[PDB]
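In: my complex, first installment, coordinates as in the assembly:
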Amino acid sequence: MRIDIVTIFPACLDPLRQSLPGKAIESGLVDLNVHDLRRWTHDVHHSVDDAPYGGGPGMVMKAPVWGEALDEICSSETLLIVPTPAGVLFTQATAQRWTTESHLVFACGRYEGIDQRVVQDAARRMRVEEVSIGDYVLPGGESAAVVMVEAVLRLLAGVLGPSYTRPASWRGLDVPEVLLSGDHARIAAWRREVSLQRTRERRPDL
C-alpha cells in the first residue's frame, strides 16, 4: 500500500513512524509519505488560506493550492480521504475496506476546512470520501488521519469482554472463577454474556 498525507503540520503525523505503523513501513508493507502543503504555494507569504465567502469565523484552505498538490500526488487509482466532521463515519468496516486500496491520500484540513471545490474537482479524476472519525470537533485532520492509518495498518499487518492477568488476587480483587477454570466453553459463554450486558448498558445503539 502507498499512503500520502498532505498537511500544514507534518510533525503531527510523527506517531505513524512509531510502533505498528513504523514496523509496517520499514518491513516494506507500506510506503508512507508526509507532505507539507506550503510547498505548493507561490506567494511571498506561502499562504494556504483565505477569507470565507459569505462570512463566518476563521479562514478557508484555498482550492488552487490543494488542487496543485493533489494533481501531483494523486492518480485515477487513488482513494482521496478528506477528514471532516461532516463526513460519513469511519468504522472497522471502512478500515477493512481500505486494506484493499493501493493508494490512500489524506488531505488534512485546518482552519474552517478545505474549499469544497477541491473534493468536487478531485472526484472528476479519482474516488473521494469525506470521513469523520466521530462526533467531536478537532482542530485539524492530522490526529484523524493517524487514527485511520493505524486502524488500516493494524489490519494490513495482521493479514500480510474484560481481560485479566496474574496475580489471581490483587488488592482484594479476584479474577472471575470462570477464567481460572480452563474450560473454554464456559469461558466463551461468560465472555459473550458480560460483553452483551456491557453493550446493553453503554452502547444500546449497537
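Out: Great, that's in hand. Numbering: from 1, shown residues only, chains lettered A, B, ... in the order given.
In: switch to C-alpha atoms for all contacts and neighbour counts from now on
Out: Fine.
In: Now do the contacts for the most centrally placed residue in chain A.
Out: When chain A is reduced to its mean C-alpha position, the nearest residue by CA atoms, centre = their mean turns out to be residue A:148, at 1.7 Å. By CA atoms under 8 Å, 6 or more residues apart in numbering, the contact set of residue A:148 is A:90, A:95, A:133.
In: which one is residue A:133 nearest to, not counting chain neighbours?
Out: Using CA to CA, 6 or more residues apart in numbering and skipping the chain neighbours, the partner closest in space to residue A:133 is residue A:90 (5.1 Å).
In: quick revisit: need phi/psi at the residue nearest to the centre of chain A.
Out: phi -70, psi -40 (degrees, to the nearest 10).
In: Please verify my assumption that residue A:136 contacts residue A:84.
Out: No - using CA atoms under 8 Å as the test, residue A:136 is too far from residue A:84 to be in contact (10.1 Å).
In: of those two, who's got more company?
Out: residue A:84 (25 against 7; other CA atoms under 10 Å).
In: Apart from its chain neighbours, what residue comes closest to the more buried one?
Out: residue A:132 (5.2 Å).
In: helices or strands up against the helix or strand containing residue A:66?
Out: Assigning secondary structure by DSSP states H and E places residue A:66 in helix A:63-73. Helices and strands touching helix A:63-73, by 3 or more CA pairs under 8 Å, 6 or more residues apart in numbering; DSSP states H and E, are helix A:117-122.
In: CA atoms only: put the helix it packs on into CSV for me.
Out: Presented in CSV, the C-alpha positions along helix A:117-122 are these (Å, rounded to 0.1, in the frame of the first residue of the first chain):
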residue,chain,number,x,y,z
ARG,A,117,-14.5,22.6,-4.9
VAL,A,118,-11.3,20.6,-4.1
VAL,A,119,-13.4,17.5,-3.4
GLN,A,120,-15.6,18.1,-6.5
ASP,A,121,-12.7,18.7,-8.8
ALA,A,122,-10.8,15.6,-7.4
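In: Beyond that helix, next helix or strand please.
Out: Heading C-terminal from helix A:117-122 (DSSP H and E), you reach strand A:127-132.
In: Please parse chain A into its domains.
Out: A:1-159, A:160-206 (curated CATH domains).
In: winner for burial among these?
Out: Among these, ranked by average contacts under mean count of other CA atoms under 10 Å, first place goes to domain A:1-159 (a mean of 17).
In: all strands for chain A, in order.
Out: A:2-7, A:31-36, A:49-50, A:60-61, A:79-89, A:103-107, A:127-132, A:169-170, A:173-174 (DSSP state E).
In: Turn those into TSV, including distance to residue A:203.
Out: Shown next, in TSV, are the strands of chain A (distance: least, CA to CA, whole Å):
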stretch	distance to residue A:203
strand A:2-7	33
strand A:31-36	35
strand A:49-50	40
strand A:60-61	36
strand A:79-89	16
strand A:103-107	30
strand A:127-132	19
strand A:169-170	29
strand A:173-174	26
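In: so residue A:12 touches residue A:144, yeah?
Out: No - using CA under 8 Å, residue A:12 is not in contact with residue A:144; the gap is 10.4 Å.
In: Also put chain B in, sequence below:
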Amino acid sequence: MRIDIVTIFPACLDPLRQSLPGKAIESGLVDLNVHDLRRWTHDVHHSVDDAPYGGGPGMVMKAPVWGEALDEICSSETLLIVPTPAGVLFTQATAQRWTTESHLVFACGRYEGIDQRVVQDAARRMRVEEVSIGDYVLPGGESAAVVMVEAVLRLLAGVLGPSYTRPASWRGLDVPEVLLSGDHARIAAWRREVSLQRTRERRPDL
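Out: Let me put chain B in with the others:
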C-alpha cells in the same frame, strides 16, 4: 488544567506538543505530562504485560504495574480516562464536560488492554471512565488520547455547511451565488438547508 498520559509509547503523544495543544501548554493553560509506564516496573525485563487468564490472543497489561503508576499520579479529584473500544462513546458533549475537570489522567492500553481490576481499584479512590473514540480498533490508546486531548484543549483555549474562498470560479466550479450575495439571512438559511440535506444522506442516526 493538568493532564497526565501514561503509556509504553511516549513518542506517540508528541502531536500534543504541536499546534493548538502545544500553544495551550506554553501559555500555561495546561500542564501536560507524558509518563513511560516501564518506570513503574521492577523486574529484570521491565515488563508491563503477562498472559491472559482463560486464554485469548496476545498479552494483558499487568494490574500491579498500573496500580503503582496510578497510585503516584492520581488523586481523589482526578478523572481517570481509560481508552477502550468497549467504553462509552466520546462526543463533543464529553469534550465540553472534560473542560470543567482540573486533572485528567489517560491510561493508554496496548496488547489486549489493561487488567480490568485496575479500573475497579481506581474507582475506590477517584472517578473513572472507559471511553471509545469510535467503532474501530486501534493498536493502542495513544492516538485516542491525542484525539480526546485535542478536542478538550480546542474548547479550553476558545473559552479562556460547505466552505468556500477565493477565486469565485475555479476549474469551472463557481462559488454558490448565495455566498457571493452578502445577504446573511439567505446565507444562514442555505447553510442550514445544505447541512440538513448532507445530514439526511450521510448521518440519518443524527
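In: The contacts of residue A:148 again, this time with chain B added?
Out: Contact analysis of residue A:148 by CA atoms under 8 Å, 6 or more residues apart in numbering or on different chains lists A:90, A:95, A:133.
In: Look up how far chain B lies from the second one.
Out: What that stands for is residue A:95. As judged by CA to the nearest CA, to the nearest Å, residue A:95 and chain B stand 8 Å apart.
In: Same check on the first one?
Out: Between residue A:90 and chain B the computed distance is 8 Å (CA to the nearest CA).
In: My understanding was that that residue contacts residue A:129; is that so?
Out: No - contact criterion CA under 8 Å: residue A:90 and residue A:129 do not qualify, at 10.3 Å.
In: got a list of what residue A:151 touches?
Out: Applying CA under 8 Å, 6+ apart, the residues near residue A:151 are A:92, A:95, B:136, B:137, B:138, B:139.
In: if you set the cut-off to 7 Å instead, what comes out?
Out: A:95, B:136, B:137, B:138 (CA atoms under 7 Å, 6 or more residues apart in numbering or on different chains).
In: Leaving out the residues flanking it, which one is nearest to it?
Out: residue B:138 (5.1 Å; CA to CA, 6 or more residues apart in numbering or on different chains).
In: Next up, phi/psi of that neighbour, please.
Out: phi -100, psi 160.
In: Number of residues surrounding it?
Out: 24 (other CA atoms under 10 Å in any protein chain shown).
In: I'd guessed it sits against residue A:149; true?
Out: No - here residue B:138 lies out of contact with residue A:149, judged by CA atoms under 7 Å, at a distance of 9.4 Å.
In: And for residue A:152, nearest residue in space, chain neighbours not counted?
Out: In space, residue A:152 is closest to residue A:95, 4.8 Å off (CA to CA, 6+ apart).
In: same question but for residue A:89, I mixed them up
Out: Using CA to CA, 6+ apart, the closest residue to residue A:89 is residue A:132 (4.9 Å).
In: then stretch A:195-206 to PDB, C-alphas only?
Out: The C-alpha coordinates for stretch A:195-206 follow below in PDB (Å, rounded to 0.1, in the frame of the first residue of the first chain):
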ATOM      1  CA  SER A 195     -19.900  -8.300  26.600                       C
ATOM      2  CA  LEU A 196     -23.700  -8.400  25.800                       C
ATOM      3  CA  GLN A 197     -24.500  -6.800  29.200                       C
ATOM      4  CA  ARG A 198     -21.800  -4.100  28.800                       C
ATOM      5  CA  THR A 199     -23.200  -3.400  25.300                       C
ATOM      6  CA  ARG A 200     -26.800  -3.000  26.600                       C
ATOM      7  CA  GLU A 201     -25.600  -0.600  29.300                       C
ATOM      8  CA  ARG A 202     -23.100   1.600  27.300                       C
ATOM      9  CA  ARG A 203     -24.000   1.000  23.600                       C
ATOM     10  CA  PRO A 204     -27.700   0.300  23.000                       C
ATOM     11  CA  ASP A 205     -27.100   1.900  19.500                       C
ATOM     12  CA  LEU A 206     -25.300  -1.500  18.900                       C
END
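In: is that stretch anywhere near chain B?
Out: Yes - interface with chain B: stretch A:195-206 contributes A:202, A:203 (CA under 7 Å from any CA of the partner chain).
In: Thank you, goodbye.
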